[PDB]
């Protein structure tokens, strides 16, 4: 507990650490059902070792690692239909979303300086399904949120957004491509039309879905769901998270802006003295993001994505066969189970070694069918749950 004068041997300290690691769950063991992280692609362990002693906060010392960040951003941009994207491989979707909010706020600040805004704080339309990082941004940056309601399919109400844009002076719109709770996709096509017609910045949070949606086989796509979400719609920025469905080690997050014109709105003016929030920051995230996308190609990511979707629809089928009520038919590799007693059922599952997460907008257990979840784990989950219900 206290700092000691004498050191200890490598064997002593590693064995102590391994005992603590033994208390953790491991993704490959069939315990973790509620996480959007999973096992990393094995090749990334070598890449982390190669790039461990780099620092993208000092890119003049690590020119090659910096070029790899640029290449990683370019490959993500290509995936998102934008060959000119300006962006960064950052610490995660939270920092990515915060940087988009900073950009929105600095566009508003410039208007305020010119007398072109009656808003004392940026006014941003955000769906109530938005990830908690948006609340962190609101709280830090003193943003004003207009919370948009969701429709019966749990996607943002586009008519509300359009009406709010007419009623108020709006500084940004947020749409979500793959919501945290249910994996639904907002109508980005319509939101982007509203945004373009009114000269409003629009950010797409595709932290999870950005590395799933582009790879979905047609049989998993649903009539009337629009899967368009990327720069082909003219959106201003997109968050996308390699350390979720990109199989990259933490920290590997992505923020892409439509072009380099946005970089100036990420400036910070220091009277007595970088676009990311962090300073010193890893170089291995960009190396891993580039390398995993190159190693797998579209073919390899498609195989993983649709294996997850196969197991997602298997879980959905088994749930209904056992008279459980999924909240929705799954869109991405996320299924939620309606249950009034969800808190207690979650704890009972936990006692039996099944770790799910629980929802906010609805009383349900959330299962994220990442690549570590196999058929036998789903079968095991159903047995344990049936047993709890007797």
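Numbering follows the first chain given and starts at 1.
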| item | value |
| --- | --- |
| Residues of the deposited sequence left unbuilt between residue 274 and residue 273 | 4 to 9 |
| Which of 319-327 and 63-71 has higher mean CA B factor, as the PDB entry lists it | 319-327 |
| Segment of higher mean CA temperature factor, 116-124 or 100-108 | 116-124 |
| Maximum C-alpha temperature factor, selected from 354, 334, 37, 41 | 354 |
| Entry-reported Cα temperature factor of residue 31, expressed as the chain third it lands in | highest |
| Within-chain third of residue 297 by Cα B-factor, per the entry | middle |
| Chain-relative CA temperature factor third for residue 205 | lowest |
| Relative C-alpha B-factor of residue 163, binned into the chain's lowest, middle or highest third | middle |
| B-factor third for the C-alpha atom of residue 55 within its chain | lowest |
